[PDB]
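Have a look below at one chain only, the form deposited in one PDB entry, in structure tokens format.
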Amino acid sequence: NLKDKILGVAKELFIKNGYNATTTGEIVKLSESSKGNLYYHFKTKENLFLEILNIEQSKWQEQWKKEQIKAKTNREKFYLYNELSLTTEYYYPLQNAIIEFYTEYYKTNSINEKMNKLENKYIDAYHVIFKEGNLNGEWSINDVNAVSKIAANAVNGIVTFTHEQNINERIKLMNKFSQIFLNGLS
């Protein structure tokens, strides 16, 4: 598939290299596609990017739901999600690329556009977990939406800023975090 070929080489390079490091030229030489290809469903570069992001976001959200069963209580769901957040092959491996992409477009107003609906899925997982926990009486969070955002970002941090040290060490930290966070919620 050509339309689904660009997306392939793209995600690949955006991960190995940064947002800038990888260029349209490089994709075209490994995916074979003139300017045209990139225009109907692939306008700009930040377009082909915001695309990949959504795909991955869904790939992750899906995997999460197909695996959250191994967790009976929401307290366990919180812990798990965070741990999985470290093992996955979806979305998280593009955080560095995102950090860049943002530090180099936070001017073009059409940024907080997708950067919005995207920030939703990103925190939705926590939103449910937290609200459901309220119903299930595991805790009582009145500012769910906030805690959701905080948890989501703190976790992204532990996943992103320690991406080079022993995976077991990581898993250990993340769990000690999840333990400390939930415990500060009541």
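Under this definition, the rigid core comprises the largest set of C-alpha atoms superposing within 1.5 Å between the forms. In this text, residue numbers run from 1 along the sequence as written. Shifts are known only where both forms have a C-alpha.
Below, we refer to the form deposited in another entry, which is not included among the displayed structures.
Chemist: Scan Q68, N47, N37, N156 for the one whose CA shifts by 2 Å or more between this form and the one not shown after superposing the rigid core, and name it.
Modeler: So the only displaced C-alpha belongs to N37.
Chemist: Superposed on the rigid core, does the Cα of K176 end up 2 angstroms or more away between this form and the one not shown?
Modeler: Stays below the 2 Å threshold, so no.
Chemist: Would you tell me if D124 moves between this form and the one not shown by 2 Å or more at its C-alpha, with the rigid core held superposed?
Modeler: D124 C-alpha, core-superposed: shift of less than 2 Å.
Chemist: Quick check: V28 between this form and the one not shown - does its CA shift reach 2 Å or more after fitting the rigid core?
Modeler: Passes the 2 Å threshold, so yes.
Chemist: Mind checking the CA-CA distance of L173 and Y90 in the other form? It differs by 3 Å or more from this form, so is it closer or farther?
Modeler: Closer in the other form, by 3 Å or more.
Chemist: Closer or farther: how do the CA atoms of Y39 and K29 lie in the other form, compared with the form shown, if the change is at least 3 Å?
Modeler: Those two alpha carbons end up closer in the other form.
Chemist: At 2 Å or more of Cα shift, core superposed, where are the runs of at least three residues that differ between this form and the one not shown?
Modeler: Shifted segments: 1 to 38, 89 to 112, 163 to 165.
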